[PDB]
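To find a chain, count down the sequence lines: A is the first, B the second, and so on, and within it residues start at 1. Because only heavy atoms are used, hydrogens play no part in the values below, and waters and symmetry mates are left out as well, while side chains stay in.
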Amino acid sequence: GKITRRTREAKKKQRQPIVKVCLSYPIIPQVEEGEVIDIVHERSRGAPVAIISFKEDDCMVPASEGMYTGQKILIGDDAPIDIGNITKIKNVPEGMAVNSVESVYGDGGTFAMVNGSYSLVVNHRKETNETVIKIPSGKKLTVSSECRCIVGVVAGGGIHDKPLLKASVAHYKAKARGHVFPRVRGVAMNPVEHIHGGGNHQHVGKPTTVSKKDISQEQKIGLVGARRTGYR
RNA sequence: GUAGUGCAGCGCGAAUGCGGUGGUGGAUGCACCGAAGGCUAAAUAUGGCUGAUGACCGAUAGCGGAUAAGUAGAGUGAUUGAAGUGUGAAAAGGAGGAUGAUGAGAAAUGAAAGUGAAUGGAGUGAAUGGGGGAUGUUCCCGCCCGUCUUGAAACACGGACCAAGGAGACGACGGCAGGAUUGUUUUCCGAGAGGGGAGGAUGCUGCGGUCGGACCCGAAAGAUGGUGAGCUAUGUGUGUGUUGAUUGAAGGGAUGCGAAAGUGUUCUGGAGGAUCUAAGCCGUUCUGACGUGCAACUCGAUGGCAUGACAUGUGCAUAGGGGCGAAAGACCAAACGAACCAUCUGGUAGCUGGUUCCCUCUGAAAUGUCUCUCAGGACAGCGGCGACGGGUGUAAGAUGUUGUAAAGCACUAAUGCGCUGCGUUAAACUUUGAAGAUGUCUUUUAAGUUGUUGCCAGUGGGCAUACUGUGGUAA
RNA sequence: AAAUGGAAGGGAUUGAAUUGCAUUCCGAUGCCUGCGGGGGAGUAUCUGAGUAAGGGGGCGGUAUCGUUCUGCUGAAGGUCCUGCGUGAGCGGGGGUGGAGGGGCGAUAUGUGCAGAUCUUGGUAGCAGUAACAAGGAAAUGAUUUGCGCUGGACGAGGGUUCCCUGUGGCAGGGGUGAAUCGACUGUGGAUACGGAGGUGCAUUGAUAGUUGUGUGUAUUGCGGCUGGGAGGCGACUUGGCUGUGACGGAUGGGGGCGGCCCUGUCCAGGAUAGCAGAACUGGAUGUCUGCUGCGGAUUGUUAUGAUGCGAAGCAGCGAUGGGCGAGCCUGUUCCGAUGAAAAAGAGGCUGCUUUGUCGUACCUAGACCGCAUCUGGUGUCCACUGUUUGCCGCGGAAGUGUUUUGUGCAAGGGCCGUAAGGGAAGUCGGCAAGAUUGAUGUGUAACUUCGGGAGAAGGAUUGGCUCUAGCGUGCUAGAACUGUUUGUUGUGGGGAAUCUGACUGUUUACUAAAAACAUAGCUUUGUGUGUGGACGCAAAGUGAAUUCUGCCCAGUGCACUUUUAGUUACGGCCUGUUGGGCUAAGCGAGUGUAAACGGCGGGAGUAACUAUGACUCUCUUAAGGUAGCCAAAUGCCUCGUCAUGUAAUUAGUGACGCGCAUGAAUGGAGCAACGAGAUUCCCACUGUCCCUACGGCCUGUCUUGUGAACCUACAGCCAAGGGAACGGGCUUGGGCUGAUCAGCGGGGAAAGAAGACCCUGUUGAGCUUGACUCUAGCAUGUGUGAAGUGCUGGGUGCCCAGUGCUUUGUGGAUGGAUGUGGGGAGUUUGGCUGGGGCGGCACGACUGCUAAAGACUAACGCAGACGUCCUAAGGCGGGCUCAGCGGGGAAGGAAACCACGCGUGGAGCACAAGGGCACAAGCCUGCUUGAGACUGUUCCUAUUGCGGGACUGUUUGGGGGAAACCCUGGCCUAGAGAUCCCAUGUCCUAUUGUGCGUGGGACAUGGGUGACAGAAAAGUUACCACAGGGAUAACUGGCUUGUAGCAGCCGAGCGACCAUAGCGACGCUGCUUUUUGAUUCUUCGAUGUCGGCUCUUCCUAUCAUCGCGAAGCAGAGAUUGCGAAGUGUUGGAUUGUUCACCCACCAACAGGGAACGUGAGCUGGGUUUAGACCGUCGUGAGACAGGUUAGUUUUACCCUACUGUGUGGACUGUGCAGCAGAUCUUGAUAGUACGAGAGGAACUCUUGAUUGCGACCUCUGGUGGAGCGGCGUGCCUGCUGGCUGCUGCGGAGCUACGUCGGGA
């Protein structure tokens, strides 16, 4: 055989990468006052980015829905509750939506940083200083009560409300983001390139669930380690 | 190196009257030696350079290269790579022709294939050859060689013509034959334990055997080390190109209807992978032209697309079991279901083709056994060349063996009648039974006049016919 | 009774082809006899063919040593003539040549050529041929005139090709000048992006943003002088700093560099027969985007608007002749796309001074690449005018390129034009051509995703001239007049249905553009972190919307769990004499999952005529195909059945459904819109055809110049025969024509290419997996690594598990073990065989027959059997008689048991068949383990192993029997396994000495190779390769004739009677070569493989026409037979078809052969390698004589054949060869003969035609680049007159659709 498409698309990307800018906020224990100086678009992202200026430091963060240029926000551990306002996660009531939550007290942000997402604060277990939160995927996770966050949802709304509708729109999206476009189906190739192969009719020819444990790398194509298949 | 012969990774890790070794793992005597630091001439190997030699080659030979040869030339590149010697002793001199001069000589020699001029003979028959005769012919005979084949003049293959070159030689080890010199030659049997007297050696020439490029020329492939994205494919940086029309979305104005909710008409505006046309780009049909071309993909007419998921110059990134692909196994410098260059490499070939002087003496086989054996091989059979050595491929007299042809019903198996006879059968039936074959004795029957052994080749696709079977409607 | 004209060998022959004879004769390289030569032989002689193969004796090339000679008074080599030798070869003479050359003996070898699609060099025929060139002219040609269209600059590439002089292309000498052009400088990149600096005029033979010059701008350095504030309410003015570089597509409005057009005036130019209100040409002149103060509510656009967060207006600041637009100014809009980076800031007025290095000539295609002076390819910029929406098409300028003594046109080609009447009858198929076409009124359906369909369809108008109306001044609307009726001198064919893909897009550079690929939408899976943080990132399937997406978890796969089986490795620990316990993942098990891979049944009865089966029983599955759809691109049978379209329907559409083998994201149903996709029909239109004609230009034909190639054993007329079974040459017959030129495609099984199909080889490679043997990676225990401490749990004080803490090692790794692993590597996948494959085993082995009276003897010949079985079914002693028949005996029968008289085996003996056997080899019965331990000779059986039998000997040996005697398995012929390795027994043994809980050997048995003298082994190729094979298939020929076709003989019956008018059973005998088989002789270094179209010839077994018989022949119409091959034998619908089947006509619509006639004659529908779809089959790569769609047709100029032509008068004779007309019809005969009637003929006379053949142009039709006319576009200034385009008529000539012409 020859080497399959999955493995070559991985090698092309170490030669010529897609790069995003790494948003994060700094450490400031005393309550300061910031200044949104600009909100801007970025290639390969869907969310707009805000430029906020402190007394001796500037930062780039995901803008929340409800920000505007020239607005003042506060940073510090004991800061008041309002859209924006980087503050510590024990000063936040239950049922409130936050974004860009860190996990180690000083790493910037880790959770909920894409277009239109947030995490939920569910419980404050005041003994042991633990906070249960819900992250965007649904998993529940206890963090310390000293990690910081941002109040509100990320801007950029529901981007899937509008269909792509046309070939050229999927062409411009994959140029900016790096998806495989177009995709030739594996059953339409010759056997030399794909485990799905030739044959006098187009058909896979054997089970499409494959293992995730113990088999050769380059055999893991299809539905890898699937617990269940079917419509519902 | 046979149960480490030597070396290495990982882990464990010594001794001080002590340590190591002794062709089978371990023990114990006796023998013999001192590792884990260092240096050391000579006798041995070998491209090239310089001297000296030769039963070596003599211009298609010998090094690729006897000369302005690793040159001229070819390839993007790594790489690749020829052909060509001669006036004379002396320039004493020529170089369109003619007339001349110099010289020993117009000047190295100068074959065949093929041609021009003159002159002799013949012809309207393909030509050419042999016998017999004659300054061409008249009569007789005569199809084109080489090769594979049961079988070729073949509608089987190679061969237009001429010259030169062109294929069983050499090394090692063994045997035999012929020949040369010398001769006071021999470590035996047996797994072992045990037992125990019986003419060659060293050269020379030839032939048969094996391994060597191995009689000469020939694959599809495999591996080691290198070159390419100037063609073409995808990504990315920076530039450039695109005429004139058609249709008429949202938004906005005015005007009519109606109790209201609402709705009619018409202007303005200029959307959309919306419709043509141009600069231009492709490649549907004519199955048009052309088809030793204008051309290793072109030309004419017709048709399709022309704001894009476009077209195009240039910087950078991706390389061969790898890349790149809106996917055709497509494309990667005129060959891609694995590129190109050099080496290993004179790669192997049970298969096809070729294999060079005369006369003379003998002269086959196309069958049996074993074979991943069936287009091959070995052993045996048939043949050649020997050498040494003395004494029946036909009949007659006697005496044995046989179960076919024909015939028959005694056994086995069949087959009609008449109520003891008449009728019909046989490769796997036989009570009988030939012609023909086949054993032994006697040359103390006729007629005639071989034994022992050495070294070796080719052959193992057959076919026809008289008589005689088997299968088949038959050939 | 057979297909080119032909064979007792020919002419012929009445016996010169019949039969019987011998008293004559002819006839070999054989025989006898005399000489000559070779080889044997024991020396008075005898004996000679020969492939593969072997032996003896000779001839020749080049050298050495070792001897012996010759050449300038002319060597070798070469050429002609001549002697000797059976031959290989060796001598002499005359020319030429100008320096060396030999004999004899031994010895060393790169030692002798006709061939190898041999190597290198030279040369023929073809052939003065193919191909290419000959560009418009004027005696001259710096002058006059005719035609074509690229023309001018920068880069890549080239490198002196550029200028002058001399010369017939060379030779000699010249020419490239930079602050203000590019680069040397920026950025991870650069001659196009960023960036200190300019414009005119003149100048050389050749350079110029570079030389010279008028004016400007920047810069290097060096000076001199001078200022840190004035104004304005404000916007802002001034020597008075911290700004820029720096950024996408589409589209409206305003305004324009240059160019072009219209117009007033002035100065000039060129042509003119005549006329022209005074033409034609050139030149020169002819304001508000914004901001501030006052003001205090309205105001504007082509469009969206602006405004108490301050409108209009007034006053300022700042910026900057008429008409058709490039940069520029100012708006709106589009994106899950939002449109680089770095170098480079300071500044007033003046004077002197500086400015480095390298490139610069010439060429856009005849100066580049494609081997070239090649119709191909090659980045950027500029370029006038009439007509027009158009920078297109159809015509003109500017600039640029170009010659001046070949012919005038046969046939056949390449590219075009016009055609009576018909109108797709042509063809696989409307292929090709014709037809529609611009603009403006009118009028527009089904359906539909409401947007579309739509330029639907269908109808009408159009020039020129002279005016009117509107306002925006060039467009729009209206009217009169006029012509030989006509005006776009350009620009879509349309309509009704079915299959299929949603749509715009992409693809096999060089045979496939598609239904294939992509696509939005829909669904499933994994993943909490990569610079990226789940509206993310990655992997698969299906393919817009609408409506739907059923049932199956038994098999395979995937997931989770093993906190309630089993199985399992290194190391460690435990216990013990070298064993056993404890400590993984995985496998196994349990549960879940089909938008995972996939699957989705038989049989019996049953409703008041039949028929069917709602209903029932029954077998059975993991579950038994649901909703829908169909002879559909999916249905074998099959051209299914019914309806509809036609004169006629293997086509199309509608309907039906037990569907070989339909069916649900393997996606099912479904067609709005779109398509150079596949199909069928309608209108229109036509040279597609009936059936061809005439014309144009370039070729060809003829001349001069330049001048190839392929191919070539030798050659080139036929019939038959035989032959390797289709001859140019051989045997027996028949023949044109003495040497030319143009044509042409029958033959040379023509050329090209070591057959790609098929088989064989112990030859490959691409790809697959449930082949064999392995392997990267990954999983999971475990060894190494860093010190100190606490904690909970196991067993017996113990070892270990997790385990938190402390800081003072570190996280980078590294050794071995078990599991997994077509992701990857290497390799294999027998043979025989009436081709191979599938099947069978004739592959080891036993019996009978085939087998021809000793033994041996073949076939995928015939009929069977073998891989076992038995403690007796082995050994021995004794006693008995078997199958069956006859006469008897209570219940007793066809068969029970007793018993007498006979019984040659007619029964038994493990199993196949054959042989054998009676006080036995059979049956019953007693005792036993000879089915013992060793050892030698021989047969099948040989050149030979294993195996299976026979016969002896030796035993401090058995069993049976009184004993003689027998016994080493089975009554005899089948039941069978090497080398190497391992297991057990007996006898020996390890070389420095001795042992051994460690090994080695000899001999004998067992463990097994059935392909049985004995490898360790799965598939596929239509993507394919190489060595061969006519030892072997798929087409033609040849032999054969079962089958196929056509005929005879007999006489049982039939025929109202009557075997034969006509028929003819049951049986029997032939012929042909048109069917399909059987075979494998020719061809695999190639003989182009189906049908049609076109064209010629032959056969007869006669369909019609001519002649003539029979009758169950009255006439009419037919039926059956003989002579006879001269002439005829058609037009259409459906299918690729051959074939078939229907319609119409006809005198009739017969059957066959010629390499299944005919592809350098065509066509290419069938078949048809490489793309693709469906059904069934396979885990898969793939398969199917199952269906469907898309898919290169090369070369004659040679010889012969054939057609003409040439090969030297006039008038004729006579031999040979060719050979043509055929068929139908009107009237009369005649309503007659014949007949009860109904019906209904003939000879002779007569009228017209159809088709073939040969001519002709008076008439009619076609053509007519001859000629005359009409209407246009551009150009000559307009009129006149020309040239160019479209159109009507159209003589001569040619032609058919027109006219003429057949023996007594």
Quickly work out the A/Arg5 CZ to C/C517 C1' distance and round it to whole Å. 13 Å
Salt bridge (charged side-chain N to carboxylate O under 4.0 Å, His left out) contacts touching residues 68-93 of chain A (sequence neighbours left out): A/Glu35-A/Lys72, A/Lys88-A/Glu146
Can you tell me if C/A424 puckers north or south, using the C1'-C2'-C3'-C4' torsion sign? south
Could you write out each protein N or O paired with an N or O of nucleotides 1019-1023 of chain C at a distance under 3.5 Å?
none

Given the structure, is B/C305 a Watson-Crick or G-U wobble partner of B/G280 (both distances under 3.5 Å)? yes
Just checking A/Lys220: base, sugar-phosphate only, or nothing, at a heavy-atom cut-off of under 4.0 Å? nothing
Strand-adjacent residues in residues 12-25 of chain A, judged by heavy atoms under 4.0 Å from RNA chain B: A/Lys12, A/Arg15, A/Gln16
Are C/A1183 and C/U1089 base-paired in the Watson-Crick or G-U wobble sense, both distances less than 3.5 Å? no
Within residues 104-127 of chain A, those residues having any heavy atom closer than 4.0 Å to RNA chain B are none
Are the aromatic ring centres of A/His194 and A/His196 under 6.0 angstrom apart? yes
Conformer about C1'-N of B/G253 - syn within 90° of 0, anti elsewhere: anti
By the 4.0 Å heavy-atom rule, please label A/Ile135 as base, sugar-phosphate, or nothing. base
When we call it a touch if two heavy atoms are under 4.0 Å apart, what does A/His201 touch: a base, just sugar-phosphate, or nothing? base
Neighbours of RNA chain B within residues 39-46 of chain A, by heavy-atom distance under 4.0 Å: none
Determine, using purine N1 to pyrimidine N3 plus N6-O4 or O6-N4 for Watson-Crick, or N1-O2 and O6-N3 for G-U wobble, whether C/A1170 and C/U808 pair with both distances under 3.5 Å. no
Rounded to the nearest Å, what distance is computed from the OH atom of residue A/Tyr172 to the P atom of nucleotide C/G249? 13 Å
Counting only Watson-Crick or G-U wobble geometry with both distances under 3.5 Å, does C/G628 pair with C/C698? no
Would you call B/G20 syn or anti, using the 90° rule around 0? anti
Where the sugar of C/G970 falls when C1'-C2'-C3'-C4' decides north versus south: south
Determine the sugar pucker of C/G1008: a positive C1'-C2'-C3'-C4' angle counts as north, a negative one as south. south
For A/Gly225, report the nucleic acid contact type (base, sugar-phosphate, nothing); a contact means any heavy atom under 4.0 Å. sugar-phosphate
Does C/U547 fall in syn (glycosidic angle within 90° of 0) or anti? anti
Pairs satisfying salt bridge (charged side-chain N to carboxylate O under 4.0 Å, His left out), at least one member in residues 133-144 of chain A, at least two apart: none
For the structure I just gave you, are C/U82 and C/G91 base-paired, Watson-Crick or wobble, with both distances less than 3.5 Å? yes
Could you pull out the protein-nucleic contacts involving nucleotides 771-779 of chain C (nitrogen or oxygen on both sides, under 3.5 Å)?
from: C/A776; atom 1: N1; to: A/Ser216; atom 2: OG; distance (Å): 3.1
from: C/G777; atom 1: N2; to: A/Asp214; atom 2: O; distance (Å): 3.3
from: C/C778; atom 1: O2'; to: A/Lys213; atom 2: O; distance (Å): 3.2
from: C/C778; atom 1: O2; to: A/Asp214; atom 2: OD1; distance (Å): 3.4

Name the first nucleotide and the last nucleotide along RNA chain B (5' to 3') that come under 4.0 Å of a heavy atom in chain A. B/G235 to B/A338
Would you mind classifying the nucleic acid contact of A/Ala10 as base, sugar-phosphate or nothing, using non-hydrogen atoms under 4.0 angstrom? nothing
Does the pairing criterion hold for C/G414 and C/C697? That is, Watson-Crick or G-U wobble with both distances under 3.5 Å. yes
Under 4.0 Å, heavy atoms only, any strand: does A/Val169 hit a base, just the sugar-phosphate, or nothing? nothing
Starting at the 5' end of RNA chain B, which residue's closest nucleotide do you reach first, A/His171 or A/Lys175? A/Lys175
Residues that A/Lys220 engages under side-chain contact (heavy atoms from CB on, under 4.5 Å), provided they are two or more places apart: A/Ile215, A/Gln217, A/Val224
Does C/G256 fall in syn (glycosidic angle within 90° of 0) or anti? syn
By nearest nucleotide on RNA chain C, pick out whichever of A/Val180 and A/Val210 is the more 5' one. A/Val180
Whichever of A/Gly199 and A/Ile221 has its nearest RNA chain C nucleotide further upstream toward 5': A/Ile221
Sugar conformation, C/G159 - torsion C1'-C2'-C3'-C4' sign: south
Between C/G27 and C/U14, is there a Watson-Crick or G-U wobble pair with both distances below 3.5 Å? no
Once side-chain contact (heavy atoms from CB on, under 4.5 Å) is applied, do any residues pair with A/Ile3, and if so which ones, sequence neighbours excluded? A/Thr7, A/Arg8
Between C/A520, C/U527, C/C335, which nucleotide gets closest to the side-chain atoms of A/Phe181? C/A520
Pair test for C/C759 and C/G1028: Watson-Crick or G-U wobble, both under 3.5 Å: yes
Counting side-chain heavy atoms from CB outward, which of C/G336, C/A520, C/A539 is closest to A/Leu165? C/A520
Answer yes if C/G36 and C/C1259 form a Watson-Crick or G-U wobble pair with both distances under 3.5 Å, and no otherwise. no
Pull out every residue in residues 183-198 of chain A that has a heavy atom closer than 4.0 Å to any atom of RNA chain B, ordered by number, or say none. A/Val184, A/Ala188, A/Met189, A/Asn190, A/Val192, A/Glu193
With 3.5 Å as the limit, what N/O pairs link the protein to nucleotides 596-600 of chain C?
from: C/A596; atom 1: OP1; to: A/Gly230; atom 2: N; distance (Å): 3.3
from: C/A596; atom 1: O4'; to: A/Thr229; atom 2: OG1; distance (Å): 3.2
from: C/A596; atom 1: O2'; to: A/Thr208; atom 2: N; distance (Å): 2.9

